[PDB]
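The form deposited in one PDB entry is given below as one chain in structure tokens.
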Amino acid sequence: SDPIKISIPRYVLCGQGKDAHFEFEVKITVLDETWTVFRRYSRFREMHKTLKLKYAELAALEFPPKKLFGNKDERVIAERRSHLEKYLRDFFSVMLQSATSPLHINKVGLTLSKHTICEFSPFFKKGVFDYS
């Protein structure tokens, strides 16, 4: 009844020195299949810019800006985690509603599986550190 579930349960520190940055643990579930990808903010933002020019309705979504107080402060990172989570959830909400989308709700007896999502955007494909 609710075909695509997503959460961001935690964020992890990657890299060493000043090249160290945060990635977000994205847990995705479609039907009864779950997998997890690690994605930094930049990758979310590029995903949004890329997909917005292909599906105009996404422009009604507010993407979270990166915040000028303290990239060093984990409280900032935690707020960002919450916001990215809400964003992904709304992203799929819109993509389930929009008729010209490959994700649209009319495929939910048919062709919507891990595969539809993974192909829909390289953002959701299992790459290196990602896992199922």
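Only residues modelled in both forms are compared. By rigid core we mean the largest C-alpha set that fits within 1.5 Å across both forms. Numbers for residues come from their place in the sequence shown, where the first is 1.
Participant: Return whichever of 58-66 and 100-108 has the greater mean Cα B factor according to the PDB record.
Facilitator: On average, C-alpha B-factors are higher across 100-108.
Participant: Looking at the deposited entry, does 70-78 or 47-55 carry the larger mean Cα B-factor?
Facilitator: It is 70-78.
Participant: What third of its chain's C-alpha B-factors does residue 94 belong to: lowest, middle or highest?
Facilitator: Middle third - that is where residue 94 ends up once the chain's C-alpha B-factors are sorted.
Participant: Lowest, middle or highest third of the chain for the C-alpha temperature factor of residue 21?
Facilitator: For residue 21, whose C-alpha B-factor we compare with every modelled residue in the chain, the answer is the middle third.
Participant: Taking the C-alpha B-factors as the PDB entry records them, is residue 128 in the lowest, middle or highest third of its chain?
Facilitator: Answer is highest: the recorded C-alpha B-factor places it there.
Participant: Can you tell me which third, lowest, middle or highest, the CA B-factor of residue 84 falls into for its chain?
Facilitator: Its C-alpha B-factor, which the entry lists for residue 84, ranks in the lowest third among residues of this chain.
Participant: Pull the Cα B-factor of residue 122 out of the PDB entry and bin it into the chain's lowest, middle or highest third.
Facilitator: Residue 122: CA B-factor falls in the middle third of its chain.
The same protein also exists as the form deposited in another entry; that form is not shown, yet it is the one meant from here on.
Participant: Identify which of 89, 40, 107, 66 has its C-alpha displaced by 2 Å or more between this form and the one not shown once the rigid core is superposed.
Facilitator: None of the others reach 2 Å, which leaves 107.
Participant: Closer or farther: how do the Cα atoms of residue 50 and residue 110 compare in that other deposited form relative to this form, given a change of at least 3 Å?
Facilitator: Their C-alpha distance shrinks by at least 3 Å in that other deposited form.
Participant: Compared with this form, is the residue 108-residue 35 Cα separation smaller or larger in that other deposited form, the difference being 3 Å or more?
Facilitator: Here the pair is closer than in that other deposited form; there, farther apart.
Participant: Go ahead and list the segments of at least 3 residues in a row whose C-alphas all shift 2 Å or more between this form and the one not shown, with the rigid core as the reference fit.
Facilitator: Segments displaced between this form and the one not shown after core fit: 67-69, 99-102, 107-110.
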